[PDB]
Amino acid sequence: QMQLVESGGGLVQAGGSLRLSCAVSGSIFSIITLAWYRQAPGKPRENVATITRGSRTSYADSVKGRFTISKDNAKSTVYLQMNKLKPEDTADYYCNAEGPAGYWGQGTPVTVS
């Protein structure tokens, strides 16, 4: 069974940086699409960044120029480098494989004060 395990979340002050990691086991990691989603307490879970087979990346508009998604086939890990953090980025951040009806981590919490 596929497992997605996030880590790296925590509390930072505005302007700070955080790097999230997600270990993925049981997937054809080099080929499937990987993504980061997030969910604030009142809102639905929404896409943040997506990276497809050739490490082609895409970003939500509110996040362009601040966040960077990347992947490491050798470690089968996907990363979200979050810089210039805004309080509006406070949410539970979820790792995802094979699209929105695919597979999900259990999230890592991020708080920006």
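All residue numbers are counted from 1 along the displayed sequence.
Judged by mean Cα B factor in the deposited record, 65-73 ranks above the other of 23-31 and 65-73. When 89-97 is weighed against 9-17, 9-17 comes out higher, by mean CA B-factor as recorded in the entry. Going by the entry's values, 83 shows the largest Cα B-factor out of 47, 52, 83, 39. Looking at the C-alpha B-factors along this chain, the one for residue 108 belongs to the middle third.
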